[PDB]
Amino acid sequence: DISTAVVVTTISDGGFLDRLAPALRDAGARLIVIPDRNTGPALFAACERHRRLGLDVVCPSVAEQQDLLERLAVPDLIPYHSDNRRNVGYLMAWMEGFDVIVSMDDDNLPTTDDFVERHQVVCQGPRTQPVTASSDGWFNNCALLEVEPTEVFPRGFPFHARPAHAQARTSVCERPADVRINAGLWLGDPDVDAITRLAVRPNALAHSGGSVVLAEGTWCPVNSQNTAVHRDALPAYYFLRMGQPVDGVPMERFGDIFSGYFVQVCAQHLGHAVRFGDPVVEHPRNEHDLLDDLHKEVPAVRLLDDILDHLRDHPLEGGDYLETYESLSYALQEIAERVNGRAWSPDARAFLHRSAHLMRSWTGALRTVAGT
C-alpha cells in the first residue's frame, strides 16, 4: 500500500482542478494545494467542490500555513507572493506520513490513466537494473523526447558541458539501483531555460526514448513540475528561496534547479538513484514575457556551472537525507568562498551563505517535527 500526495501551489481560481482531479481521484491520491496571499477565494470553493466530487484535496489557508510554520519556529522561512510556498505542502505531506510526494505545477496535466502508479516507481526497492552512465557526467533527458525545431537541453543543464556533450559516451550497465526520485517529462512546452525558449521556441511532440536511471556520477537537472520524491528524500527537496541579487540583479525561476540537484547529490551519496521518463504531463505553451524570464534566470545561470563543478569535488557526510543535506549546506559555504570568476561578487558569494542557513532552518523544522 503506497500513500501518495501531490503538492501544488497556485494563485489561480481553481479551474486546473477540473482536468487534474481525475487521475488523482481514481488513484486515491491526496492533493495539497497551497494558496498564497494573492490567491483569490474562488480557489477555495473549487476545492470543496472537488472534495465533494470524491477527491481528497485539502487547501490550507495562509493563516493555517503560518500557524504551522510558527509552531515549528520557522515563521520567516517561506515568503508569500512566491511559488516558494511549495515547501509548505512538502512539509505537510511529510508530517502526515505519505510515502510518495509528487511535485506539480497547476498547469501540468497528466496524459495517462496510470500517472500516479508510474510515479510510485520511487517506492520500488533496490533492484539490479539497467543504469545509464555518460562519460562526461551528464545526461540530457530532453533526448528522450521528440522535440520539433532542433535538439534541446533541459532548464538548469550546465552550459560549459553542452558543446561537447554530443560526443560523450553513453553506456548502459546492470548495477544495483534504488530509485528515490522520479522526474517525469513533459510534452508541448518542455522544461527548457529562457535562453533556449527564446532561441527556438521548442515543441515536445512525443515521449519516444523510454525511461532511464542514472548511474552514480551522472547527473541531469530535476525540476519540481512533474516529479515524485520518496518520503526519505523529501528533507533534501527544499525549494530554494529566490530573489538574491547576483551583481545587483535578483535571481528567479531557479529554486527547483538547486533543489533537483541537491536531492540528487544527496541521493547518490546515500546510494540512491534518479529516474527520468514516464509518466509524462502536458505543459501548455504559456507564451507570456520571454525577455522577462531571461532577465530573471540569467543571475542563476551565471553561477550554476561553477557551483556544479565544485559539488563534484566535495565529499559529503551523513547517513540519511537530513544529515547529508545539512552537510551539503556547509559545503556550499566552503564553495561560496573558494569559487572564483566575474560573476562572483560579494552579493553572489553571500547568496550561497544565506541559502545554506535557509536549508538548515528547513531541516531544523523537520527535526522539530521528528524530535531530532
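In this text, rigid core is short for the largest set of C-alphas that superpose within 1.5 Å between two forms. One-based numbering along the sequence shown.
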| query | finding |
| --- | --- |
| 288-296 against 220-228 - segment lying farther from this form in 4 other deposited structures of this protein (CA RMS, rigid core fit) | 288-296 |
| Greater root mean square CA deviation, 102-110 compared with 278-286 in 4 other deposited structures of this protein, core aligned | 278-286 |
| Mean C-alpha B-factor comparison - 288-296 and 251-259, higher one | 288-296 |
| Comparing 22-30 with 322-330, the one whose average Cα B-factor in the PDB entry is higher | 22-30 |
| Candidate residues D191, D278, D106, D232, the one whose C-alpha B factor the record puts highest | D106 |
| Residue with highest C-alpha B-factor in the PDB entry, from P245, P202, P154, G97 | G97 |
| Third assignment of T9 from its chain's C-alpha B-factors | middle |
| Assigned third (lowest, middle, highest) for the C-alpha B factor of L68 | highest |
| Assigned third (lowest, middle, highest) for the C-alpha B factor of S135 | middle |
| Entry-reported Cα temperature factor of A166, expressed as the chain third it lands in | highest |
| Chain thirds of CA B-factor: placement of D347 | lowest |
